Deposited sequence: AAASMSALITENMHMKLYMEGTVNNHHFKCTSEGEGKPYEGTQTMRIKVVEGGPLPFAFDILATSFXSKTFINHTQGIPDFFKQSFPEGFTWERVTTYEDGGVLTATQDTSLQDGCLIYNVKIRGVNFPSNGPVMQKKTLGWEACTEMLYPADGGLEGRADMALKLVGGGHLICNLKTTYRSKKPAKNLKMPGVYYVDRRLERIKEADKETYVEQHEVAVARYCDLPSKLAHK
């Protein structure tokens, strides 16, 4: 009842990639139970960024996942207290980007506070030379670990000319709600398609959309 059919969000983001500091803010809305959302983003400090904006995409919203098949919803359950997440994304060419995030609910609006720290993105690689074209769809595996959930995914970043640069995500999701007030899910999977809808001014304005649907494995079992 705290998370309604349509929800708005406001976001603040600050961090560094290699040696370059920046801040963003964003606002948007979506449908938490249908698992769709839109964010309109502004780089408000340090723009234009010297790196492809694509590497920030996953840092801009776990409340908007359609949890199907009765999967207990760790994220929606966490309100009013909210939750946090922390992640390491490792690119196969040396870039590493960590991020920590706080998610709260204030006067009916979701509030995100995110911090980014990326290092060792190769100065002559596709991210620094802006040869990227957004992400392929992906499937994240989530599983309970230590009272929270952990997530694992490999994502494919499309490159100019075809071809991909791969990265791996390891995420820890922590609820701010007491564990005895949470019904934990078993292992499940989130199918996701994160898409750049619009951009302008050398990526200092960006519009992103995501659709995300959670499910069990639907293959028959011999056991």
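Unmodelled regions of the deposited chain sequence (numbering from residue 1, in sequence order): 1-6, 67, 231-233.
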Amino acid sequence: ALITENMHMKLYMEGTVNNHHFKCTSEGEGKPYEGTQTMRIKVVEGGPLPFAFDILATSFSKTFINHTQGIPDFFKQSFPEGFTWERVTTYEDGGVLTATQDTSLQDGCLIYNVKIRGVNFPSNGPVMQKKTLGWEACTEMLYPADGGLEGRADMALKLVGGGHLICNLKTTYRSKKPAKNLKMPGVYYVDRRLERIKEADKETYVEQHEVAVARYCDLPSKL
From here on, numbers count along this sequence of modelled residues.
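Comparing the deposited coordinates for 205-213 and 6-14, the stretch with the larger average C-alpha B-factor is 6-14.
Mean CA B-factor, 118-126 versus 78-86: the higher value falls on 78-86. The top Cα temperature factor in the record, among 148, 94, 151, 134, falls on 148. When the C-alpha B-factors of 70, 32, 185, 48 are ranked from the entry, the top spot goes to 70.
When all modelled residues of the chain are sorted by CA temperature factor, residue 26 is found within the highest third. Annotation for residue 106: C-alpha temperature factor in the highest third relative to the rest of the modelled chain, per the entry. In this PDB entry, the Cα temperature factor of residue 59 sits in the bottom third of its chain's modelled residues, the lowest group. When all modelled residues of the chain are sorted by CA temperature factor, residue 113 is found within the highest third. Placement of the Cα temperature factor of residue 65 within the chain: middle third of the modelled residues, per the deposited record.
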